[PDB]
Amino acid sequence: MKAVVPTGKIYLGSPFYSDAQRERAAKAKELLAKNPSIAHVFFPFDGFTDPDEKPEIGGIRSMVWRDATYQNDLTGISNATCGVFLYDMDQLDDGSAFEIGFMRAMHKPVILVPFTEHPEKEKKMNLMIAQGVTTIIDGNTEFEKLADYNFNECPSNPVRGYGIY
């Protein structure tokens, strides 16, 4: 069980469209950087440059940039042994959801790290995410556990306490 060399290769999936999201991503990187079971961490937003493209975020992008970037995202999933998703429960990110579905189809373990700023709302979650994810670590209450989780074995921890959408 004890690793001769770190084998955990993380695909850190996450939205990067707001300040809070960019902040959670920043913290996750630091926490994972402290985990002795990790060999490498891949963060998709850390980019391809199409020479022909004369381009703004949210604007029309060249097909070549799209292909290269999309492949870069899939390549990270292929190289990775585990997925860690900073899941925004308030503003659902279909990019992250697609990626979680993609990883599970490849039989790779997925750590869901849900974040919410509206604790008032009843804890609900889509069935596919609740049953697709292999391990859940609460981002609001247990974020720091990422620094100690054993990514060499990726022990399961089924989602519970959440009502199904």
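Residue numbers run from 1 along the displayed sequence. What we label the rigid core is the largest C-alpha set whose atoms superpose within 1.5 Å from one form to the other.
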Practice item. Name the stretch that deviates more in 4 other deposited structures of this protein: 113 to 121, or 34 to 42? Use RMS CA distance to the shown form, core superposed. Key: 113 to 121
Point to revise | residue 46 to residue 47: deposited residues without atomic coordinates | key: 1 to 3
**Study point:** Unmodelled deposited residues flanked by residue 54 on one side and residue 55 on the other
**Key:** 1 to 3
Study note, to complete from the structure: Mean Cα B-factor check, 23 to 31 vs 104 to 112, entry values; winner is 23 to 31
Revision key, fill the gap. For 117 to 125 versus 131 to 139, entry-based mean Cα B-factors point to 117 to 125
Check your understanding: In this PDB entry, which of 62, 37, 69, 96 has the top CA B-factor?
Key -> 37
**Study point:** CA B-factor ranking of residue 8, expressed as a third of its chain
**Key:** lowest
